[PDB]
Amino acid sequence: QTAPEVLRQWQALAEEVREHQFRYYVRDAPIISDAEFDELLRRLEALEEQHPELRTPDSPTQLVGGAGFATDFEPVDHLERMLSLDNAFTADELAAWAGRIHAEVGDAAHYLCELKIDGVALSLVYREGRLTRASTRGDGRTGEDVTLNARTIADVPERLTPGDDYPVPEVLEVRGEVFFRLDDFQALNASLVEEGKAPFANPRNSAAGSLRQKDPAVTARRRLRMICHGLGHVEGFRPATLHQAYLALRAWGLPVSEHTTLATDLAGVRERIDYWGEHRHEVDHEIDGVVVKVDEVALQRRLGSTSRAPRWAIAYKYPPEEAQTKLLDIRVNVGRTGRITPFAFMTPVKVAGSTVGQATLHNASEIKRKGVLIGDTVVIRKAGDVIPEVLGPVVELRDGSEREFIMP
């Protein structure tokens, strides 16, 4: 089941189900007819079962959790739009985009190539250099006031270091991606295990949970990472190309990356796409693909966007590196030095194209302190890209009828 455009039937549905889930729960102000029961949830739920590989811990069709500021979160207001990205097929053309530029750019534009990571969208608001609000995505228009929780730095300053050609804008709204580092996602995943909560599945969900804490003391201890990857509303600034915006974005002391090339033309654009995907695996934190933006600010407003995504950028996206499947039995395997290795056998899954059911656990302590037990539902990363791994179990799936490991 290698999904071709099935992801386009799913990404634009699921994420279009969070919108109303925000509005309904977070606002007491729903926009469409149904509630409690939808409609799209529904044609979504049915789709996820068949084609079954689209399931994720953070899908709104196996989730419900509110809640309301403690602070965990209550509604703010994004200064500008706050929209998604159109998707380049895994795999292929594309160019339909770069030739859509034929239209009204004048094929002499300039493409910005940035790495598109996994994590929670985070818009930040800095008035006169003082960070005021910092909120989640919401429904694009308005989001959850997570300011106190993100204030707990360490990548996101309270202030903007001034002067020497980048005078702090009267108002600056940047927008970026909060994430956990791959290794010390795991170094927390076990550090707890219990003591209140449970182990997280992916760092994609780990980053969400830690952001939305009630006590900001909790989130001041977990690290979290911040990488600013675009502009929202602006007053008394705005560049002329995006980079330009990024020299400024560190002059002021905001976490930028990458790994950003530019990228004179479509040839150098596949030069990076085909470079990552091959090289995508070997980095600090998970990257779903490559996001390509036309450098010159004018051309962007000149091409314009819609209320779904901009016309001036496509998100090129590699095969998904994780999936969710049921850990049927960790049996064993034997080799040549001192130890046998607890190979975890599960039900089949299509991740990174290849269908696999043979994800690994290195050692005794490796196991256990990942919170896994025979019968559990598990998430597996194609982290090599070779031998599959296991990030964590999704505990909210109870059953209670499945238990600890042994073997002597």
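Residues numbered from 1 in each chain as written, not as in the entry; some residues may be left out. Heavy atoms only, no water. Residues with missing side-chain atoms left out of burial classes, pairs and counts.

Determination of this PDB entry was carried out by X-ray crystallography to a resolution of 3.50 Å, according to the record.

Just give me the short version of the sheet that holds strand β4 (residues 130-135), but keep the residues and values in it.
Across the sheet, 4 strands lie side by side as β4-β3-β5-β6; this open sheet has antiparallel pairing. Two strands lie at the open edges of the sheet, namely β4 and β6 (225-235), each paired on one side alone. Direction aside, the axes of adjacent strands within the sheet are offset by 25° on average. For strand β3 (residues 120-127) and strand β5 (residues 171-179), the ladder comprises 8 bridges, and the chain directions are antiparallel. Opposite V125, over in β5, you have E173 as the bridge partner. Running at roughly 40° to β3, helix α5 (residues 203-211) makes contact with β3 and β5 of the sheet. (Pairing = 2+ DSSP bridges. Helix = DSSP H or I, 4+ residues; strand = E, 2+ residues; numbered from the N terminus. Axes fitted to C-alpha atoms, helices over the stretch in contact; angles between N-to-C directions. Contact = heavy atoms within 4.5 Å.)

Please give an account of the domain arrangement of the chain that cites residues and values.
Buried accessible area, meaning the area lost when the parts come together, often serves as the stated size of an interface. By the assigned domains, the chain splits into domain 1 (1-71), domain 2 (72-321) and domain 3 (322-408). The centre of domain 2, based on its C-alpha atoms, is set 32 Å off from the matching centre of domain 3. Counting residues at the interface gives 17 residues for domain 2, matched by 18 residues for domain 3. Taking both sides of the interface into account, the surface hidden between domain 2 and domain 3 amounts to around 1,400 Å²; carbon and sulfur atoms contribute 53%. Applying the counting criterion to the domain 2 and domain 3 interface returns 1 salt bridge. (Domains from an automatic or database assignment. Buried area = accessible area lost by both parts, 1.4 Å probe. Salt bridge = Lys/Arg side-chain N within 4 Å of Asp/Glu carboxyl O.)

Could you give an account of the UniProt feature "active site" in the chain, naming the residues involved and the relevant values?
Here, the residues flagged by UniProt with the feature "active site" are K116. Tracing the sequence through the fold places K116 in strand β2 (residues 111-117). Among the residues examined, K116 registers a relative accessible area of 25% and is labelled partly exposed. If we skip the residues at most four places from it in the chain, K116 touches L85, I287, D288, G289, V290, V291 and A315. (UniProt positions renumbered as here; feature names shortened; annotations may be inferred. Buried < 20%, exposed > 50% of the residue type's maximum accessible area, 1.4 Å probe, protein only.)

Tell me about the nonpolar core, and name the residues and values.
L122, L124, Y126, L172, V174, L249 and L254 are the most contacted members of the largest nonpolar core, which totals 40 residues. For this core, the secondary-structure elements that each account for two or more residues are α1 (6-27), β3, β4, β5, α4 (182-189), α5, β6 and α7 (245-251). Residues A88, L94, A263 and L303 belong to the second largest nonpolar core, which totals 28 residues. (Core = buried A, V, L, I, M, F, W, Y, C linked by side-chain atoms within 4.5 Å.)

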